[PDB]
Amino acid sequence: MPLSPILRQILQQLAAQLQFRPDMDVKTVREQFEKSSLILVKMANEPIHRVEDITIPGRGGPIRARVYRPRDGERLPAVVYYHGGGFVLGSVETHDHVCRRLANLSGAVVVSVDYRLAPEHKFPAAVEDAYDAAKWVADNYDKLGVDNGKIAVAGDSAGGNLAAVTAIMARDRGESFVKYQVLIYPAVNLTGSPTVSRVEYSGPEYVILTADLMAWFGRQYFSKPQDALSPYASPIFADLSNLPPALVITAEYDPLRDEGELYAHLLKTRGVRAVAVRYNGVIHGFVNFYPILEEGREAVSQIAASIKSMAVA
């Protein structure tokens, strides 16, 4: 489909909304991302039964997480959620609405992880935090009132990468705790090898994820560009056998579309149960716009339901 009518206007408004340029400093981009994000969060105005912030001891130091509990009960399913933002931007705050809605619709406790950001903390800082936090959720199921046997990982964009890699790390360690993975338009190839979608939808006219911003993200994340060949950076090059069932959500007008769909297919070739759906008429990051985009609401509903019944399994 063409770009949704309402989304043209949304991008039109972000046209003269202080645009990104490669020489901008990280603090300014972070601030703008947070402020813009919080408009959408406040718009959503999601309820939640119970919410609190906790500290998880990571290899790199204390890791903050937000626990969203949508109902009472001592053995609820859990989702460890990783926010997007290019490995450089975002926080539990920027994605607070998505996490509340996810909890409410799935009935699962959502644990949103405030993983360390680049360039202050280069790859593999965030990957370590992401595994450490998910493992801690498994180990501390009792304190949390969750079922240690019903933990899923999930994340959007750079967070989809962290979810995918956490599942790989658990697999590599011979661990059972990741039962399900939902990858929301993940980045799975962090090298400069192109796909058609990466070039097709990354021009300045798409705004949300441009070629300039992608390269800038890549420069912040990596100590040296060859680090991108690591399967913990580019999980599309990993051994994909024995990974947990996967739902991969993609967007039609998204640079990362091709690689997301390729990841789903490659999972299948190694015997993993895996589904790839493409949301038509929308851009990368569309889920965060759900208060004003019907595709965003449909996506949260699908993701929530897929986790609740582990439908792909």
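Quick note: we count residues from 1 along the sequence shown, nothing fancier.
Engineer: On average, which has the higher Cα B-factor in the deposited entry, 21-29 or 299-307?
Structural biologist: According to the entry, 21-29 carries the higher average C-alpha B-factor.
Engineer: Read off the CA B-factors in the entry, average them over 186-194 and over 153-161, and name the higher stretch.
Structural biologist: The entry gives the higher C-alpha B-factor average to 186-194.
Engineer: Between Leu209, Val98, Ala78, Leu240, which one tops the list for Cα B-factor in this entry?
Structural biologist: Comparing C-alpha B-factors across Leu209, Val98, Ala78, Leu240, the maximum falls on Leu209.
Engineer: For the C-alpha B-factor as written in the entry, point me to the maximum among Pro245, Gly61, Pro255, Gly260.
Structural biologist: Going by the entry's C-alpha B-factors, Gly61 comes out highest.
Engineer: Can you work out whether the C-alpha temperature factor of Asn104 puts it in the lowest, middle or highest third of the chain?
Structural biologist: According to the entry, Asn104 has a C-alpha B-factor in the chain's middle third.
Engineer: Would you please rank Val282 by its C-alpha temperature factor against the other modelled residues of its chain and give the third it falls in: lowest, middle or highest?
Structural biologist: Its C-alpha B-factor belongs to the middle third of this chain's values.
Engineer: What third of its chain's C-alpha B-factors does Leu117 belong to: lowest, middle or highest?
Structural biologist: Within its chain, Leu117 is a middle-third residue by C-alpha B-factor, going by the deposited values.
Engineer: According to the PDB entry, is the CA B factor of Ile39 in the bottom, middle or top third of its chain, that is, lowest, middle or highest?
Structural biologist: Highest third, going by the recorded CA B-factors of the chain.
Engineer: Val137's Cα B-factor: lowest, middle or highest third of the chain?
Structural biologist: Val137: CA B-factor falls in the middle third of its chain.
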